[PDB]
Amino acid sequence: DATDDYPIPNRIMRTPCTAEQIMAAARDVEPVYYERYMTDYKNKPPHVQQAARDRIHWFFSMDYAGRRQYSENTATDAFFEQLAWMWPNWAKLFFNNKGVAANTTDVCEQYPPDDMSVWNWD
Ligand SMILES: OC[C@H]1O[C@@](CO)(O[C@H]2O[C@H](CO)[C@@H](O)[C@H](O)[C@H]2O)[C@@H](O)[C@@H]1O
């Protein structure tokens, strides 16, 4: 039920980067996407914020096989991901579209892996 790029962009399933690398890249090369995401994030309660960080860290901790199985799970069942009951767009910056995915993954490796400052906005 998944395609190569939907629901999760191919480049995102293949990248060696952390979430924080992709976010730092977005801040520079996809700033509108970054700012839309952080605006959404900052409006969520702390428990939801924490859950999104934990879940995206889990996602990028997997290899391609794990990421692809997640994509398949969410392609076959739109309600697979429990976080979506609280925040459907918890991973919008990462998974929304392949153009953003290509731009961010083209440069994410140039950024530091663990820079948590990307989670602080205003
Ligand atoms: O497709 C609905 C399903 O997708 C999830 C996967 O975690 O949401 C992420 O992926 C979507 C599809 O690419 C993005 O549009 C969305 O912004 C992102 O959070 C789940 O939350 C949801 O159950």
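For the numbers below, each heavy atom of this structure counts, side chains included, while hydrogens, waters and symmetry mates do not. Heads up: numbering here begins at 1 and tracks the sequence.
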* Taking the side chain from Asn10 and the backbone from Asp4, do they hold a donor-acceptor pair closer than 3.5 Å? -> yes
* Structure fact -> Across all chains, not counting sequence neighbours, the salt bridge (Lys or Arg N to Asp or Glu O under 4.0 Å) partners of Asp106 are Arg11
Using atom types as modelled, flag every donor-acceptor pair under 3.5 Å from a side chain in residues 112-120 to any protein atom, sequence neighbours excluded.
{"from": "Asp115", "atom 1": "OD1", "to": "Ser117", "atom 2": "N", "distance (Å)": "3.0"}
{"from": "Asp115", "atom 1": "OD1", "to": "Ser117", "atom 2": "OG", "distance (Å)": "2.8"}
{"from": "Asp115", "atom 1": "OD2", "to": "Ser117", "atom 2": "OG", "distance (Å)": "3.3"}
{"from": "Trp119", "atom 1": "NE1", "to": "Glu20", "atom 2": "OE2", "distance (Å)": "2.9"}

* Would the number of heavy atoms belonging to other residues, nucleotides or ligands and lying under 6.0 Å from NZ of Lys92 be above 12? -> no
* To do: Measure across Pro9 and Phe95 and return the closest heavy-atom pair with its distance rounded to 0.1 Å.
  => CD-O, 3.5 Å
* **Distance (rounded to the nearest 0.5 Å) between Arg36 CZ and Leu93 CG** => 10.5 Å
* **For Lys42, salt bridge (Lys or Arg N to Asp or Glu O under 4.0 Å) partners two or more places apart** => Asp122
Which pairs would a plain distance check flag for residues 83-90, meaning a side-chain donor or acceptor within less than 3.5 Å of a matching protein atom at least two apart in sequence or in another chain?
{"from": "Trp85", "atom 1": "NE1", "to": "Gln82", "atom 2": "OE1", "distance (Å)": "3.2"}
{"from": "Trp87", "atom 1": "NE1", "to": "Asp40", "atom 2": "OD2", "distance (Å)": "2.9"}

* Give every residue pair that meets the salt bridge (charged side-chain N to carboxylate O under 4.0 Å, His left out) criterion with at least one member in residues 60-86, sequence neighbours excluded. => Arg55-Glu81
* Once you round to the nearest 0.5 Å, how far does CG of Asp5 lie from CD1 of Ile12? -> 10.5 Å
* Asked: Which value, rounded to the nearest 0.5 Å, describes the distance between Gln21 atom CD and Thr15 atom OG1?
  -> 7.5 Å
* Can you name the closest pair of heavy atoms from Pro7 and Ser71 and give their distance? -> CD-OG, 3.2 Å
* Asked: If you group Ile, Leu, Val, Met, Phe, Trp and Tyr whenever their side-chain heavy atoms sit less than 4.5 Å apart, what else falls in with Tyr6?
  -> none
* Asked: For the residue pair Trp58 and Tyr70, is the inter-centroid distance of their aromatic rings smaller than 6.0 Å?
  -> yes
* **Distance-only polar pair, side chains of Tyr111 and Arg27, donor-acceptor under 3.5 Å** => no
